[PDB]
Every structure is written in structure tokens, then in C-alpha cells.
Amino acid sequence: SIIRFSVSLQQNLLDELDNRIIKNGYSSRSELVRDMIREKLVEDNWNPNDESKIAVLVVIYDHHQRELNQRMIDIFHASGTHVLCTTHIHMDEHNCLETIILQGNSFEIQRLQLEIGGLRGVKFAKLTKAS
């Protein structure tokens, strides 16, 4: 049984999507989304309230932001997740790439990527589950 729902997005993202569909010969927009959903479904991945799960969060952000760093800290503290180690490299005047080694439970860790990614100043956020 097939269902449909509509997706909202900006012109910029739609342009990039349509360009790729033409370029790679995707049959439709739905097809690309289906394939990615399937991909996420079958993708390598890691259970209880095991509080010993390890993960790595990768974050690219504008390090000029006066309060961004404190906000990330507060989000980790609120989540009850432990930061074992962090590394910041400045890639250019604007951008810092940070790797964050995390430890906590599965539920909490899986919600960090979106929280951090939504902070203003943050340009990229991607979590990796160590398993």
C-alpha cells in the first residue's frame, strides 16, 4: 500500500534537488526520497538504557558566536550525556570544526544531532554511533 504526504522546502533546496534528479537520471522526486529512506533503514547502525553507549558528534560552526559554545555545553548537560573529549580546529576565519566524544544512553544521544544542528551559528552537525 502506497501513501502520500507533502513536503515543504525552500527554493534553494528544491533547485539543488531538481538539478541532481536531472543530472543523475532519477525518475522522480519521490523516488530519491524513497531511496534515501530505504538507505537509512538498511544503513549500518547500533538495546536497553545502557548508559555506556559511545558516539562522536561532528560539528561545523561560526566560532565568532559569543554564546554558541555555552549553549552546546548546556544541551549536553541537560541531556545527561557525558563529554569524554573534544577537539576544535579552526578551518578558516569563519569556521571551526569540532569533534565531540560522547557517552550516554541511546535515546538521549540520538537527539543531539538535531538539537545542536538547530543552534544559530551551527552550519553542520552529524553524529556517529560507535558500535
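In case it trips you up, residue 1 is the first one in the sequence shown, and so on.
As the entry records it, the average C-alpha temperature factor is higher for 60-68, out of 99-107 and 60-68.
Averaged over CA atoms, B-factors in the entry run higher in 77-85 than in the other of 77-85 and 30-38. Compared with the other modelled residues of the chain, the Cα B-factor recorded for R4 ranks in the highest third. The PDB entry assigns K23 a C-alpha temperature factor belonging to the middle third of its chain's modelled residues.
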